[PDB]
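Take a look at the structure below.
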Amino acid sequence: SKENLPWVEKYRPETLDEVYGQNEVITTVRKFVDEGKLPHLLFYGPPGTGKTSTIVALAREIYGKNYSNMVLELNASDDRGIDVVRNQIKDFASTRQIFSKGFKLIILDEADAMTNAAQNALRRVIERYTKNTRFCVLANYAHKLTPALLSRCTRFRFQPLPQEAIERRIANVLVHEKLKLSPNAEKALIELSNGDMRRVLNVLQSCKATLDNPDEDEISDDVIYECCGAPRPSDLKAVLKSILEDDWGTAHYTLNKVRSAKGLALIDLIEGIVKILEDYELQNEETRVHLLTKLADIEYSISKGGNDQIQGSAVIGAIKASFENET
Amino acid sequence: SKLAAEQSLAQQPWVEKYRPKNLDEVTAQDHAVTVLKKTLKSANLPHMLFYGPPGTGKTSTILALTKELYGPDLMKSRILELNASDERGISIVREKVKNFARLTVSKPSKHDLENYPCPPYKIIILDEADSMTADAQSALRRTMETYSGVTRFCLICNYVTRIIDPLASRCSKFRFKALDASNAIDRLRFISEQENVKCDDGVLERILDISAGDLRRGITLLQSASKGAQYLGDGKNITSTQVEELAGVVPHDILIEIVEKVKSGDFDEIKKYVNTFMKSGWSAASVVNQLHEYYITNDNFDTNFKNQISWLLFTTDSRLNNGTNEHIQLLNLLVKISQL
Amino acid sequence: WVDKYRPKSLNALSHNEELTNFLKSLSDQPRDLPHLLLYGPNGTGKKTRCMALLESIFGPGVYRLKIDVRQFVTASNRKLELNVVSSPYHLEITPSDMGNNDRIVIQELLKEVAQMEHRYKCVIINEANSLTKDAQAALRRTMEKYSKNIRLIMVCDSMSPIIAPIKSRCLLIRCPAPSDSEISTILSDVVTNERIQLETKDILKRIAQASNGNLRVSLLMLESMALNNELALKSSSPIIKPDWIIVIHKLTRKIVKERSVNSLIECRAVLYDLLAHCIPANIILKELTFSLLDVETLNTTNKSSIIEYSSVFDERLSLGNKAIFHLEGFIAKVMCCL
Amino acid sequence: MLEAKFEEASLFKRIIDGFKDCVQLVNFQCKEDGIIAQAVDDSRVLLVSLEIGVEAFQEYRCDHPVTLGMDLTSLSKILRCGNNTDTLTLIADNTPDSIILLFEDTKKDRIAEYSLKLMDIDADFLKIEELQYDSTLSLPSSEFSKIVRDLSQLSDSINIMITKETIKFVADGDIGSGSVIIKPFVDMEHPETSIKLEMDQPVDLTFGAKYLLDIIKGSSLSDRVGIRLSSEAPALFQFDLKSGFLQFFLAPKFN
Amino acid sequence: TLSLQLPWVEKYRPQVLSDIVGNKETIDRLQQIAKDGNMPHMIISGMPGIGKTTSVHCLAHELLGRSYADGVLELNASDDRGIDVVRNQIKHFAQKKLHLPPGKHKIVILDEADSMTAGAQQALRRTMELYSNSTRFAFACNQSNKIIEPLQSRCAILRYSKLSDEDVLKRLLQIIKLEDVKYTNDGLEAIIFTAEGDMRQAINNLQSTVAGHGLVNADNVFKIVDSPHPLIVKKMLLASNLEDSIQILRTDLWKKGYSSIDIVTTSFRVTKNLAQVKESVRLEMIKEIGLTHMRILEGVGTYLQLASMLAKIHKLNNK
DNA sequence: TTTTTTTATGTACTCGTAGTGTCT
DNA sequence: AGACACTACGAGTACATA
Ligand SMILES: Nc1ncnc2c1ncn2[C@@H]1O[C@H](COP(=O)(O)OP(=O)(O)OP(O)(O)=S)[C@@H](O)[C@H]1O
Ligand SMILES: Nc1ncnc2c1ncn2[C@@H]1O[C@H](COP(=O)(O)OP(=O)(O)OP(O)(O)=S)[C@@H](O)[C@H]1O
Ligand SMILES: Nc1ncnc2c1ncn2[C@@H]1O[C@H](COP(=O)(O)OP(=O)(O)OP(O)(O)=S)[C@@H](O)[C@H]1O
Ligand SMILES: Nc1ncnc2c1ncn2[C@@H]1O[C@H](COP(=O)(O)OP(=O)(O)O)[C@@H](O)[C@H]1O
Ligand SMILES: [Mg+2]
Ligand SMILES: [Mg+2]
Ligand SMILES: [Mg+2]
């Protein structure tokens, strides 16, 4: 049953009308398929944007419910070498369908992990067998693909999910589940997503689990922040104010009590302070240079461990010394 | 059978003796275990990614969850645990993990379904995912994406940055918080009472203060203090000084001597005192941490001096975190902070 | 000799009485014993104290040990040959005898010893600082999965390269270097047992003042200078210094005397000759910097820059593999500073 | 609970050897009427459809429809563990998992118990293809396998042409060319060596050499193989067994 | 939907050497060679999508006439091209007897010659030397340096260059005239700008824009095909003030879904191929970009790291 | 003017014992 | 019943890596 799959897998789009966020590419692909001219596609974009769902729904719309048989789907989980290409992909492209009549579809998902020799062998397979089969390459990084292979396909960039589409999907989930969500809670949820539907679905399931109730109540900002462990804008701005204006010992005490009262992480506070200070209209760019350099150094040091108190004091001192040049 | 297990636990160090067996034994990581308890009644366990400081209870939490889910019978048949002591290249991830994921779930017995929920999926956990190469990690993407109906993936790591972005997006991120005195004093007091650890008033809270968010190190220090107090047999209570002596903490007077040598003194005297101090074995990380605490906490230095001392201590800790020579780094730090 | 007069039990130790009492406390109940990590200066006597603690946990047969060989196969057909020190109660492994293949030996050997098993078999990991981060990560879970059959006693000189999980997974025991007085008392018993002739006792103190807490170096230097004075130490017996220390001192003299590229070439040659004779580059850098700071011709401004450059290039060497590539850079930076 | 008992244990071996090379994973559907199996090649060029009725099973008991997903490189190893004069027993519990094979000797007393872990194959395989073909021929399996193995050495593509009482197998490569032409005759002295051909319209289409070589591996099952060809339709290579059949739906190469 | 139509790159693929709008010199050279005969061993190198494979295909077709099927041996990177293939099949084709006109020769076309192993390339030397009177070799590669010098010594070297604006514009105008498409000057200009001398990519983008919107206008081309990635990165690095570069990185690159690895790689490539600034400042910028890439590869890839990289680049440019 | 620098998977070659269909 | 050509899958050995 579908009630056992996680929310990321349960709510996977099955038709092209359930893929939100991407409109300029979805309409163009629908027109390509209706008019017949479907070229070799290259879906490039960040994780969680809906490239795999888009191509799966496309193959479903093209071949019907028997998609799992008329399409050759290869990914990084499967062995994709040059010999694998030579045998499997060439035998698939050269032959025809065993279930119906029509062009074939080869979905090379996550093809950014393929060997250079494999791409060099495939770039002539795409150019030779082009009247009976098509190629779809999904990628997160366009630098791992050879320029020859990159030039044979039409590139579609999957933009991050905007506010309207992600709110539409959230409303769809809140309709499918016996769940209510606060408006400010929804805004905070959209803020900690960066256009990643996977994160939204995961944390929505997690905060529904956090409710502890038969779901007769609502999900507020407190639930989201306590479940995702993300700092609140209130505590963020309080720490920033105490760092910018208050005394050194008082700033240290404030940072300690804020990061220990809710169990917040220093890296999340660093990213939040970076995001907040990005809107600050500042004087001569030397302060911004020092701030960015020191904050990136502290983040790279945190990414390897160390003393949290020493790193917090380093953040405080870096912000203070950077702002001391603004006078 | 069970009695042999009880005796082996009783003859085991306190770290493994008091390992959380149920989801209720987790004292401080409540946000994660609440979701884990709620999904225990349902059947929609998502792919999870535990990350946080070492000794926060990630492995213990996932072990307790798998136990409460499957029972001691299906505990050994529906679990695939891969640690850092095994090979986890592309070949292993493609063959073994994918063959276990593609396989069907084992049939539960009649006694299993009567006491445990027995979900229709199995669990593949990968402990210490920081050592996994990014290509072997990307190989797991579709493996965990397509076979999610029959298996669930649980990644465990300390640095969440070492895991690629797609894998971090596919799994639900569970951040384990540091176990300071506040949220771990109850567990430490329980461990002390269960072992009849007669201590003073401010010992346990001090132990965690030395632990810096690490319950395993705190339990080890408590066990060492209890052994040292039982060997003496005086019947007195453990003192905070006796605890900080065996914890590697530099005494207060020796640190005040370092502060005096830094404040007043030239390069030669500081170098000589550092050479003398390095004879007595002290961890440079602890000395740097104590100096940082003293300098930032003392309300007798200028803010301009405080920015510089904080940046210098940060640089010294970042250099020490790479396996450098403790003597050279400590001498350089003290010399740089003496010029201030 | 160092080996002829060495303690074999906890009651035979003659310095750090508090450490001996802590070891006796830790060995009172031996079955509920967690993993241990002995850290401190090199030459203090931690490897003797670990064996003395094993002598308290087990019978006196712990010292009757044997050397065997075990072969391993990596991802290729290159055969890894590793010798093992084994005892009927414990075993000792030194992963510092190979390159990046520490993880394989660690995981395979420890899993074999843990699957075969007072009731547990002790494991002594010698020079844990050379353990690569991947080998330490592999040992991280092996330390916890098998805690009723395998207990680790890791001997190291500095916990700086040891990862935080391993640090947390074992008790930490510091071994401070013995005072000059205890070293002098030990040398006194040694010279009365080896029948040496001392005109004045204070020379022994000077030996301590030349060893910097090292007992292994102290006894060896005492015996080396006892052979030059023909078993009769006088009031002004010269101090026997190792050859590499003299080479480093001459290198510092050359550094402070001439600062040029022509001298940089011969400095690189001296560094090559030192590295080719089984001398680590970190110790070379440490001794070079410490003996350069002792140069009275320089001032505080020069010494501060020297120590900063030495810390920077020590980080570089800990992050690199071509050691001379960092040593020559540090030497050039010091030349530019002076 | 699935409980099947074969008359000869080597028939299942010969049947599985047919799919051993051209098919990786299988999903046996067991019902009250018999065992059906449909599988797709890794390159998805051929489709294997095996059907064995309850006539082959010496004993058969199927309480409810059972789905057994398994691997063939392990089932073949389990089957080779048997014996030539033994009997085979397939057992599966109410919930399909860890199918059990039992080899029992009929001359002596011997019990060989083997297990096989099932696998959860999400892709269903229930498709049936029942459409009229343009030509239906029948020829000895050995005679067809000989021509296939002889023409596979010349090139990688073998073209089949069906005309008015003429069957032509052409192979053009780099070292030369070749073409075997046969005529449908009726052999009264031996019926298993005759060649029948019923054609409605001439046919001309090519296959690959590897799949055609893998198909003829099933010639050890029956003494005669049927070939159904049509205009751009999966060619039906059928070996009829005394309790069912094994049919390969092969996909030609576009020109 | 039942079937698709042939793309314009394959449908309008040139079949005669006159239809090629590539490098005029080499095109007339190959045309005169096909007219007179005596085709020598050749190696055609260049960049993807400029008319290398089509050129050799047209040459072989025009030179062999109807004997193209039995006189031309095509081997691509999709086929095995190891030592065994060169030893057996190529040698059997070169030794094969074939009655040809007194001005033609058997042609062995080897596409993607830069991917052949060293053993096969070494064995091909005497293979092409002993049968150089009845068999000729034409290699088509992108990097001539990947082919060993002994092989290059026995053949002519034809280096194809990028296609200027005029040639691609003329070819697109011919395609539009042959297809009756509604277009505009600014749309074709945007197409050629996004093509970057890539004729295949230009025709592909044109066909995609036609099938997606019908009218080839700059707005449609820009909404269906984003601006070239290296140009925005160059404009970001060449910024004079830190805030402008930060806003460019935020809006153009980070808010559009470009990964940090792609951004840092494009920055490295642009700084390597930069010519506006001096050598020392370029080396310092490359050093900083590599220092940033060392953190991006370790999994610390975020917007803060790129912001710090831009800040350090500006500090270097801040004298 | 002169020869080695770890691990890590992809690629290519060869010898190689081995498993089975065919011939005096 | 058997001998040995044909053969295909498995351990060994190197060779690159923008
Ligand atoms: N545009 C979208 N509309 C609705 N749901 C979406 C959308 N994008 C992602 N999702 C959800 O996120 C899940 C994962 O989507 P995927 O297509 O697998 O992500 P992706 O774009 O392929 O990125 P990868 O796989 O990490 S490279 C889907 O099953 C949906 O539940
Ligand atoms: N939240 C907790 N509650 C109770 N005991 C805990 C908790 N966290 C850690 N412990 C104790 O510490 C021991 C180690 O737990 P682990 O789960 O292995 O720690 P960890 O998070 O895995 O650290 P690693 O493995 O270095 S990342 C457990 O057996 C417990 O005795
Ligand atoms: N000079 C040209 N004139 C006309 N069309 C051209 C020209 N060059 C390329 N094309 C088009 O681009 C398509 C592919 O050209 P190719 O020759 O395959 O590219 P290439 O120069 O060989 O680069 P590769 O194959 O990626 S190494 C042809 O089918 C034409 O449609
Ligand atoms: N308590 C002690 N009394 C006398 N000698 C000691 C004592 N501890 C260590 N030693 C001397 O130290 C020597 C061994 O040093 P070792 O332990 O190998 O150095 P490290 O601590 O660097 O491993 C022995 O020869 C022994 O004589
Ligand atoms: Mg995907
Ligand atoms: Mg763990
Ligand atoms: Mg080409």
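Chain identifiers are assigned as A, B, and so on, following the order in which chains appear in the structure tokens; residues are numbered from 1 within each chain, and ligands are numbered from 1 in order of appearance.
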Any residue with an atom at most 8 Å from ligand 1 counts, using only C-alpha atoms (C1' of nucleotides) and all ligand atoms. Which are they? Put them as a PyMOL selection string. (chain A and resi 7-13+18-22+45-54+109-110+138-140+158+161+165-166+169+196-198+201) or (chain B and resi 141-142+145+165-167+169-170)
With C-alpha atoms retained, export the selected residues as a PDB file, in the first residue's frame.
ATOM      1  CA  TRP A   7       5.887  11.407   2.139  1.00  0.00           C
ATOM      2  CA  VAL A   8       8.721  12.035  -0.340  1.00  0.00           C
ATOM      3  CA  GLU A   9       7.911   8.780  -2.136  1.00  0.00           C
ATOM      4  CA  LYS A  10       4.149   8.695  -1.520  1.00  0.00           C
ATOM      5  CA  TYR A  11       3.602  12.114  -3.130  1.00  0.00           C
ATOM      6  CA  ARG A  12       5.791  11.485  -6.179  1.00  0.00           C
ATOM      7  CA  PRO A  13       4.128  13.047  -9.251  1.00  0.00           C
ATOM      8  CA  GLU A  18       1.490  17.319 -10.712  1.00  0.00           C
ATOM      9  CA  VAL A  19       4.983  18.750 -11.340  1.00  0.00           C
ATOM     10  CA  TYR A  20       4.853  22.271  -9.926  1.00  0.00           C
ATOM     11  CA  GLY A  21       7.488  24.998 -10.151  1.00  0.00           C
ATOM     12  CA  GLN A  22       8.671  24.156 -13.665  1.00  0.00           C
ATOM     13  CA  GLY A  45      19.303  21.179 -11.913  1.00  0.00           C
ATOM     14  CA  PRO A  46      19.746  20.962  -8.148  1.00  0.00           C
ATOM     15  CA  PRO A  47      18.522  17.960  -6.143  1.00  0.00           C
ATOM     16  CA  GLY A  48      14.839  17.867  -5.275  1.00  0.00           C
ATOM     17  CA  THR A  49      13.651  20.033  -8.180  1.00  0.00           C
ATOM     18  CA  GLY A  50      11.651  17.285  -9.900  1.00  0.00           C
ATOM     19  CA  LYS A  51      13.733  16.117 -12.856  1.00  0.00           C
ATOM     20  CA  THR A  52      13.272  12.380 -12.286  1.00  0.00           C
ATOM     21  CA  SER A  53       9.567  12.867 -11.555  1.00  0.00           C
ATOM     22  CA  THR A  54       9.232  14.987 -14.700  1.00  0.00           C
ATOM     23  CA  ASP A 109      19.476   9.372 -14.700  1.00  0.00           C
ATOM     24  CA  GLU A 110      22.369  10.804 -12.664  1.00  0.00           C
ATOM     25  CA  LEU A 138      19.681  14.065 -15.874  1.00  0.00           C
ATOM     26  CA  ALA A 139      22.421  16.026 -14.129  1.00  0.00           C
ATOM     27  CA  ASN A 140      23.103  18.110 -11.032  1.00  0.00           C
ATOM     28  CA  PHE A 158      15.213  23.157 -13.516  1.00  0.00           C
ATOM     29  CA  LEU A 161      10.773  25.778  -6.610  1.00  0.00           C
ATOM     30  CA  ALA A 165       4.315  26.263  -6.387  1.00  0.00           C
ATOM     31  CA  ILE A 166       5.712  25.066  -3.062  1.00  0.00           C
ATOM     32  CA  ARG A 169       2.087  21.487  -3.055  1.00  0.00           C
ATOM     33  CA  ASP A 196      13.758  21.504  -2.105  1.00  0.00           C
ATOM     34  CA  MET A 197      10.451  19.624  -1.998  1.00  0.00           C
ATOM     35  CA  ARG A 198      12.122  16.611  -0.358  1.00  0.00           C
ATOM     36  CA  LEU A 201       7.843  16.754   2.745  1.00  0.00           C
TER      37      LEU A 201
ATOM     38  CA  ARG B 141      20.690   7.438  -4.579  1.00  0.00           C
ATOM     39  CA  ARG B 142      18.447   5.385  -6.860  1.00  0.00           C
ATOM     40  CA  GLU B 145      14.867   5.900  -4.099  1.00  0.00           C
ATOM     41  CA  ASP B 165      23.728  17.162  -1.121  1.00  0.00           C
ATOM     42  CA  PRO B 166      21.385  14.709  -2.947  1.00  0.00           C
ATOM     43  CA  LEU B 167      21.718  12.123  -0.168  1.00  0.00           C
ATOM     44  CA  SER B 169      18.046  15.864   0.594  1.00  0.00           C
ATOM     45  CA  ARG B 170      16.676  12.327   0.221  1.00  0.00           C
TER      46      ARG B 170
END
Show me, as an NGL selection string, the residues that have an atom within 12 Å of residue F:15 when counting only C-alpha atoms (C1' of nucleotides), minus same-chain residues fewer than 3 positions from it. :G and (10-13)
Could you turn the residues from that selection into a file that holds N, CA, C and O atoms (P, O5', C5', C4', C3', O3' and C1' of nucleotides), as a CSV table (one decimal), in the first residue's frame?
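Below is the file selection_26.csv, written as the result:
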chain,number,residue,atom,x,y,z
G,10,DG,P,33.3,-16.2,-13.7
G,10,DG,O5',34.8,-16.1,-13.1
G,10,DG,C5',35.5,-17.2,-12.8
G,10,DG,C4',37.0,-16.9,-12.7
G,10,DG,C3',37.4,-15.6,-12.0
G,10,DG,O3',38.4,-15.9,-11.1
G,10,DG,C1',38.4,-15.6,-14.1
G,11,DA,P,38.6,-14.9,-9.8
G,11,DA,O5',40.2,-14.7,-9.7
G,11,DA,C5',41.1,-15.8,-9.5
G,11,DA,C4',42.4,-15.5,-10.1
G,11,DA,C3',43.2,-14.3,-9.6
G,11,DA,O3',44.6,-14.7,-9.5
G,11,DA,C1',42.9,-14.1,-11.9
G,12,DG,P,45.6,-13.7,-8.7
G,12,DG,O5',46.8,-13.4,-9.7
G,12,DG,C5',46.5,-13.4,-11.1
G,12,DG,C4',47.6,-12.8,-11.9
G,12,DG,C3',48.3,-11.6,-11.2
G,12,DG,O3',49.7,-11.5,-11.7
G,12,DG,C1',47.1,-10.9,-13.2
G,13,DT,P,50.6,-10.3,-11.2
G,13,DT,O5',50.5,-9.2,-12.3
G,13,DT,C5',50.9,-9.6,-13.7
G,13,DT,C4',50.8,-8.4,-14.6
G,13,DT,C3',51.3,-7.1,-13.9
G,13,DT,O3',52.2,-6.4,-14.8
G,13,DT,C1',49.2,-6.7,-14.9
Proximity of chain C to ligand 6: per-residue shortest pair, 9 Å limit, only C-alpha atoms and all ligand atoms, as JSON lines:
{"residue": "C:140", "atom": "CA", "partner": "ligand 6", "partner_atom_place_in_ligand_line": "1 (Mg)", "distance": 8.0}
{"residue": "C:141", "atom": "CA", "partner": "ligand 6", "partner_atom_place_in_ligand_line": "1 (Mg)", "distance": 6.9}
{"residue": "C:144", "atom": "CA", "partner": "ligand 6", "partner_atom_place_in_ligand_line": "1 (Mg)", "distance": 8.7}
{"residue": "C:165", "atom": "CA", "partner": "ligand 6", "partner_atom_place_in_ligand_line": "1 (Mg)", "distance": 8.5}
Excluding residue B:254 and its own-chain neighbours fewer than 3 positions away, which residues fall within 12 Å of it when counting only C-alpha atoms (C1' of nucleotides)? Please give them as an NGL selection string. :B and (249-251 or 257-261 or 273-274 or 276-277 or 280 or 282 or 287 or 290-291)
Got time to write the residues from that selection, C-alpha atoms, as an mmCIF file, in the first residue's frame?
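Output contents, as saved in again15.cif:
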data_model
loop_
_atom_site.group_PDB
_atom_site.id
_atom_site.type_symbol
_atom_site.label_atom_id
_atom_site.label_comp_id
_atom_site.auth_asym_id
_atom_site.auth_seq_id
_atom_site.Cartn_x
_atom_site.Cartn_y
_atom_site.Cartn_z
ATOM 1 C CA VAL B 249 42.358 19.577 33.035
ATOM 2 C CA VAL B 250 45.275 21.857 33.896
ATOM 3 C CA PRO B 251 45.063 23.120 37.508
ATOM 4 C CA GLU B 257 51.269 31.061 35.931
ATOM 5 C CA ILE B 258 50.805 30.956 32.149
ATOM 6 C CA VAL B 259 48.731 34.148 32.300
ATOM 7 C CA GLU B 260 51.486 35.839 34.314
ATOM 8 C CA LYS B 261 54.156 34.678 31.859
ATOM 9 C CA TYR B 273 58.237 28.146 30.670
ATOM 10 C CA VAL B 274 56.568 26.491 27.667
ATOM 11 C CA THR B 276 59.010 23.242 31.126
ATOM 12 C CA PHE B 277 55.210 22.971 30.867
ATOM 13 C CA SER B 280 54.212 17.586 32.223
ATOM 14 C CA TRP B 282 48.857 18.072 29.034
ATOM 15 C CA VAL B 287 45.061 24.247 27.470
ATOM 16 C CA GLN B 290 41.013 26.865 29.289
ATOM 17 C CA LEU B 291 42.922 29.922 28.054
#
All residues within 7 Å of ligand 7 are required, counting only C-alpha atoms (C1' of nucleotides) and all ligand atoms; please report them as a list in words. residues 124 of chain A; 52, 53 and 111 of chain E
Chain B contacts on chain A, only C-alpha atoms, 6 Å, as a PyMOL selection string: chain A and resi 4-6+47+76-77+202+209-210+227+263+313-314+317
Can you spit out the residues from that selection as a short mmCIF file (atom, residue, chain, number, x, y, z; two decimals), in the first residue's frame, using N, CA, C and O atoms?
data_model
loop_
_atom_site.label_atom_id
_atom_site.label_comp_id
_atom_site.auth_asym_id
_atom_site.auth_seq_id
_atom_site.Cartn_x
_atom_site.Cartn_y
_atom_site.Cartn_z
N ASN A 4 2.43 3.20 3.34
CA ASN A 4 3.66 2.81 4.00
C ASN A 4 4.88 3.55 3.47
O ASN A 4 5.91 3.59 4.15
N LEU A 5 4.79 4.13 2.28
CA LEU A 5 5.90 4.88 1.73
C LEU A 5 6.06 6.21 2.46
O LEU A 5 5.07 6.76 2.97
N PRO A 6 7.27 6.76 2.53
CA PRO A 6 7.44 8.09 3.11
C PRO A 6 6.76 9.15 2.26
O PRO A 6 6.40 8.91 1.10
N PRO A 47 19.32 19.09 -6.63
CA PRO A 47 18.52 17.96 -6.14
C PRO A 47 17.18 18.42 -5.59
O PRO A 47 17.07 19.49 -5.00
N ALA A 76 23.10 5.68 -11.62
CA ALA A 76 24.40 5.44 -11.00
C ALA A 76 24.40 4.14 -10.20
O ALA A 76 25.46 3.52 -10.04
N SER A 77 23.24 3.73 -9.68
CA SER A 77 23.16 2.46 -8.97
C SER A 77 23.50 1.28 -9.86
O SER A 77 24.05 0.29 -9.36
N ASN A 202 9.68 15.88 4.09
CA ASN A 202 10.26 15.17 5.24
C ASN A 202 9.93 15.88 6.54
O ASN A 202 9.45 15.26 7.50
N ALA A 209 4.34 14.01 13.02
CA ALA A 209 4.67 13.04 14.06
C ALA A 209 4.93 13.73 15.40
O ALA A 209 4.72 13.12 16.46
N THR A 210 5.38 14.99 15.37
CA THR A 210 5.70 15.69 16.61
C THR A 210 4.44 16.15 17.33
O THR A 210 4.45 16.36 18.55
N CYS A 227 11.29 20.88 15.71
CA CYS A 227 11.46 19.61 15.03
C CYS A 227 12.66 19.62 14.09
O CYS A 227 13.41 18.64 14.01
N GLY A 263 19.14 24.14 22.21
CA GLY A 263 20.05 23.19 21.61
C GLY A 263 20.44 23.53 20.19
O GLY A 263 20.73 22.62 19.40
N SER A 313 33.11 32.23 20.18
CA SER A 313 33.88 33.43 20.50
C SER A 313 34.57 33.98 19.26
O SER A 313 34.69 35.20 19.10
N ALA A 314 35.03 33.10 18.37
CA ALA A 314 35.65 33.54 17.13
C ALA A 314 34.64 34.26 16.24
O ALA A 314 34.97 35.27 15.62
N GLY A 317 34.03 37.71 17.83
CA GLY A 317 35.15 38.61 17.60
C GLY A 317 35.30 39.01 16.15
O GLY A 317 35.65 40.15 15.85
#
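Counting only C-alpha atoms (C1' of nucleotides), the residue from F:11, F:2, F:17, F:24 that sits nearest to chain E is F:11.
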Can you tell me which residues surround residue D:48 at a distance of at most 9 Å, considering only C-alpha atoms (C1' of nucleotides), apart from same-chain residues fewer than 6 positions away, and format the answer as a ChimeraX atom specification? /D:19,22-23,37-41,246-250
Based on the selection just made, write N, CA and C atoms of those residues as a tab-separated table (two decimals), in the first residue's frame.
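Saved the output as part-v9.tsv:
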chain	number	residue	atom	x	y	z
D	19	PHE	N	16.76	-19.98	-19.86
D	19	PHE	CA	16.74	-18.57	-19.50
D	19	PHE	C	18.02	-18.12	-18.79
D	22	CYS	N	20.00	-15.56	-21.18
D	22	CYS	CA	19.26	-14.45	-21.77
D	22	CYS	C	18.38	-13.71	-20.77
D	23	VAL	N	18.25	-14.20	-19.54
D	23	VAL	CA	17.40	-13.56	-18.54
D	23	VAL	C	18.10	-13.64	-17.19
D	37	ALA	N	5.71	-17.76	-16.17
D	37	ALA	CA	6.84	-16.88	-15.92
D	37	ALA	C	7.06	-16.00	-17.13
D	38	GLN	N	7.22	-14.70	-16.90
D	38	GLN	CA	7.52	-13.75	-17.96
D	38	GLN	C	8.68	-12.87	-17.50
D	39	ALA	N	9.66	-12.72	-18.38
D	39	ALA	CA	10.87	-11.98	-18.03
D	39	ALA	C	11.35	-11.18	-19.23
D	40	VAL	N	12.05	-10.09	-18.95
D	40	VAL	CA	12.58	-9.18	-19.96
D	40	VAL	C	14.09	-9.14	-19.83
D	41	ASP	N	14.78	-9.14	-20.97
D	41	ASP	CA	16.23	-9.07	-20.99
D	41	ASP	C	16.71	-7.74	-20.41
D	246	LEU	N	7.67	-22.88	-24.03
D	246	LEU	CA	8.58	-21.76	-23.77
D	246	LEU	C	8.66	-20.94	-25.05
D	247	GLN	N	8.29	-19.67	-24.97
D	247	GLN	CA	8.22	-18.81	-26.14
D	247	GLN	C	9.07	-17.57	-25.93
D	248	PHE	N	9.95	-17.31	-26.89
D	248	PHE	CA	10.76	-16.10	-26.93
D	248	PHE	C	10.14	-15.13	-27.92
D	249	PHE	N	9.75	-13.96	-27.42
D	249	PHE	CA	9.30	-12.84	-28.24
D	249	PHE	C	10.52	-11.98	-28.52
D	250	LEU	N	11.06	-12.10	-29.73
D	250	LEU	CA	12.27	-11.37	-30.11
D	250	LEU	C	11.90	-10.14	-30.93
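Residues with any atom within 9 Å of residue C:177, counting only C-alpha atoms (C1' of nucleotides) and excluding same-chain neighbours fewer than 3 positions away, are residues 278, 279, 280 and 281 of chain B; 16, 40, 41, 42, 43, 44, 45, 212, 213, 214 and 215 of chain C.
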Please, could you write that set of residues out with C-alpha atoms as a compact mmCIF listing (two decimals), in the first residue's frame?
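The new file part_7.txt reads:
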# COMPACT_ATOMS: atom_id res chain seq x y z
CA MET B 278 55.37 20.55 27.93
CA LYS B 279 57.35 18.16 30.14
CA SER B 280 54.21 17.59 32.22
CA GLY B 281 51.83 15.85 29.83
CA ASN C 16 54.88 9.39 39.39
CA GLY C 40 52.49 12.12 27.14
CA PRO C 41 56.07 12.99 26.19
CA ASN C 42 58.16 10.44 24.31
CA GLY C 43 60.51 8.57 26.63
CA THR C 44 58.49 8.95 29.85
CA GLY C 45 57.82 5.26 30.45
CA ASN C 212 64.41 17.17 29.01
CA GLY C 213 62.56 14.56 31.05
CA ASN C 214 63.45 11.68 28.72
CA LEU C 215 64.52 8.64 30.73
